[PDB]
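> Before I ask anything, here is the structure I am working with.
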Amino acid sequence: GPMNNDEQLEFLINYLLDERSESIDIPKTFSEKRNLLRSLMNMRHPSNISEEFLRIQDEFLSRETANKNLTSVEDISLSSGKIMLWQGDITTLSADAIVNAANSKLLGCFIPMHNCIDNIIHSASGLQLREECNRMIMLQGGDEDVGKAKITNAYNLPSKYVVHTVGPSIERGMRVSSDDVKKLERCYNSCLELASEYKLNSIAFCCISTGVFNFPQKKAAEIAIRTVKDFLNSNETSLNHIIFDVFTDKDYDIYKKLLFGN
Ligand SMILES: Nc1ncnc2c1ncn2[C@@H]1O[C@H](COP(=O)(O)OP(=O)(O)OC[C@@H](O)[C@@H](O)[C@@H](O)CO)[C@@H](O)[C@H]1O
Ligand SMILES: [Zn+2]
């Protein structure tokens, strides 16, 4: 019984629904079915699942990834030495490592359909990403501190690895402290160091802490660029491309000014 795309979606939804206590009339349209799969994956605490599920999940998500408009590193025109600036979706970029602005529990996002980068990454990667992270935290015996990095396989993403970092959060209407700056610096440093240790050719950062974490976007960009330039000026590294993956026009305009205003 080889399965077509729709049968794979049905199988995945039904497997996860059978695990849940709640009853949900199965949706009809493609948006409703796909969004249900993502919701159920989002909510699923780590627990053993069938080799069959994971096989089918991988086929489905891998096929979804292949059918996106993907970007290779060599496709990116806008570079300043090893630094690249690129606006787009990090789940469609075939960098060796992408950086996830993760939470301190590191299991991804359990809020269904939440468009934080953590949810988006886990949703495209597969449930193995949450599982790998669960193991790491279990063994660590504790929540992940801000300003660190853990690397995992990227699974069904077009990248090879996900580097998970937890950034500083700025409370509504409060200024950034020196400690806040040092924490964000540390996230950039820790990701660059880990990807360098793993002998990677490329890493793509998201704009850490500038979404829901309210880090002022000019200030964050200045830190990110300074930390990356200091790192390249001070270290031998396998890294040949450090990609600033921006998601908003506002971030693009900021990074463009800072990198190419010269
Ligand atoms: N597909 C995409 N590709 C590239 N960039 C994307 C993206 N989707 C969103 N972004 C951008 O990712 C950055 C981090 O935002 P986010 O709001 O995801 O992240 P942060 O502001 O760093 O806040 C951290 C929280 O999300 C975190 O602690 C947890 O609670 C998670 O569960 C912002 O610049 C977003 O616009
Ligand atoms: Zn979220």
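Final position of the sequence shown in my numbering is 262; the numbers increase by one with none missing.
Note that beta-carbon positions come from the ideal geometry of N, C-alpha and C, so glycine has one too.
I think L107 touches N134, with their Cβ atoms under 8 Å apart; what is that distance to the nearest whole Å?
About 6 Å separates the two Cβ atoms, so the contact holds.
> Please go through the same chain and pick out, in chain order, the residues whose beta-carbon is closer than 6 Å to the beta-carbon of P46, but skip the five residues on each side of it.
For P46, where only same-chain residues beyond five positions count, the Cβ hits under 6 Å are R130, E131 and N134.
> Quick check: the Cα distance between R34 and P27, rounded to an integer number of angstroms?
Distance between the alpha carbons of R34 and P27 is about 9 Å.
> Is the stretch 117 to 127 in contact with the stretch 220 to 236, if contact means three or more CB pairs nearer than 8 Å?
Flag = no, the stretch 117 to 127 and the stretch 220 to 236 do not touch.
> Mind checking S77: buried by the 16 CB within 10 Å criterion, or exposed?
By the 10 Å Cβ count, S77 comes out exposed.
> Suppose the cutoff is 6 Å on Cβ atoms and the five residues either side in sequence are ignored; what does the same chain contact list for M84 look like?
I76, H241 and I243.
> So, for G126: in the same chain, excluding its five sequence neighbours on each side, which residues have a beta-carbon less than 6 Å away from its beta-carbon?
Cβ neighbours of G126 beyond the five flanking positions: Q57, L61, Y155 and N156.
> Are there three or more Cβ pairs, one per stretch, closer than 8 Å when the stretch 183 to 190 is compared with the stretch 144 to 152?
With the cut-off at 8 Å, the stretch 183 to 190 and the stretch 144 to 152 touch.
> Count the other CB atoms, across all protein chains shown, that sit within 10 Å of the CB of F205; report buried if there are 16 or more and exposed otherwise.
Buried: at least 16 other Cβ atoms inside 10 Å.
> For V162 versus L192, is the C-beta spacing smaller than 8 Å?
No; because the gap between Cβ atoms is not below 8 Å, this pair is not in contact.
> Taking 7 Å as the cut-off, is the C-beta of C109 nearer than that to any heavy atom in ligand 2?
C109 Cβ: within cutoff of ligand 2.
> Can you list, in chain order, the residues of its chain with a C-beta nearer than 7 Å to that of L37? Leave out the 5 residues immediately preceding and following it.
Taken in chain order, the residues that qualify are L9, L12 and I13.
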